[PDB]
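As structure tokens, one chain now follows by itself in the form deposited without 3-acetamido-2-methylbenzoic acid.
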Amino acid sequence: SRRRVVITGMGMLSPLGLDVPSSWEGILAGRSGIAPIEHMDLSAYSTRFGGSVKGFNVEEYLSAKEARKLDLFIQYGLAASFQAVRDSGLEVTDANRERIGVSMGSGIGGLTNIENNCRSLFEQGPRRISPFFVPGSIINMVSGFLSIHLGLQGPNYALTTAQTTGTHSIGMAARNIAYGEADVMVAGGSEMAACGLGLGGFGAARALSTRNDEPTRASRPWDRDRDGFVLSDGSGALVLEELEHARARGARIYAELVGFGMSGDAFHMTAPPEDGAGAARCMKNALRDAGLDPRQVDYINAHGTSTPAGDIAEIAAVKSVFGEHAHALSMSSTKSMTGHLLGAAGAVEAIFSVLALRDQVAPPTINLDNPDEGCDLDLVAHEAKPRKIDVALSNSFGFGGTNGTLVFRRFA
């Protein structure tokens, strides 16, 4: 029968920090992680900035010899996973290793490595493709390499659901534990799509902000002057654990994961429906899963991508789900500061939602100077808002009309 699931460990690389506390400090201070990209020449690109991980040292985690075989998205996913496992205090043993698994996903995976090997193939020939090209690039190898390093013999998989990946990964991992397929899961996502194909491909779709002369103001969810998402890099990982397992070992519990929803829009390959119907169906599924009155929801970490259609669809969905209570909760987009970590967005935002519960504060939506028509909820404009939060919801939406919602609450 269905078991309860708690969060005992969290790990992160973001444009605001090389771990959770440093990232969260930036979040509560309203700091932007967005800046012109230094790692490549983007003069021919319509977008030349994004949220880079600054000063990442893979030799805090892995030997340089191993690191050279792995795409940055794998290095970032392992860094966050190692932080989360360490933060949990969990000891992996012969007695429990079969009951500990991993589900770390990515939206695009090892695009930098595929681009670099494509350059080798086209300029030199196939004999110059790396022997490590496949295992160092494919999405499942965060889960794979983490399992090999820590000896995790539980369910081992990866999701890829575009901008919903981190949320789906965490929800499905919670279901694994709920249904008894595992007692512990490391789950989240990682992304590093800031290569020519990434910036060029999102640019060709005209999906990205082109505010090159003011990158920190580019990401402006629900602002009338928003012009698309800001592409960002990093990773979030959480240690999910069955409640009685966590209690038995005296784990520190950050919060309980009480609800998960999925729904497909079935609307459009890339565009959300303007009325937010799929996001509303997804939140309702999650609230019913959590056994909640919708009025219990205090804080929503929105998807909040800073796209014209996406941001207004989310307002419509929250009004439709929460009715008059939509005016009482606080909703913010931390993408205002981090940008959009794509497959990692739902993982870092789940962490921010848990910390909103720990610290009783709604992170701000920075840059919300002039809320757009109908964007008249409490969007926590400009500055963090201390408030009562018993229940927090984290939403993600993605290409293919794929929706996820996670519901977290305080654990006493």
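Start at 1 with the first residue shown and count on from there.
There is also a form solved in complex with 3-acetamido-2-methylbenzoic acid; it is not shown, and the following applies to it.
With a 4.5 Å cutoff on heavy atoms, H327 does not count as touching 3-acetamido-2-methylbenzoic acid in the entry with it bound; it lies far away. In the entry with it bound, 3-acetamido-2-methylbenzoic acid sits within 4.5 Å of a heavy atom of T305.
In the entry with it bound, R249 stays away from 3-acetamido-2-methylbenzoic acid, with no heavy atom inside 4.5 Å.
Among heavy atoms of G398, some come within 4.5 Å of 3-acetamido-2-methylbenzoic acid in the entry with it bound. The single residue of 246-265 lying near 3-acetamido-2-methylbenzoic acid in the entry with it bound is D265, the criterion being any heavy atom within 4.5 Å.
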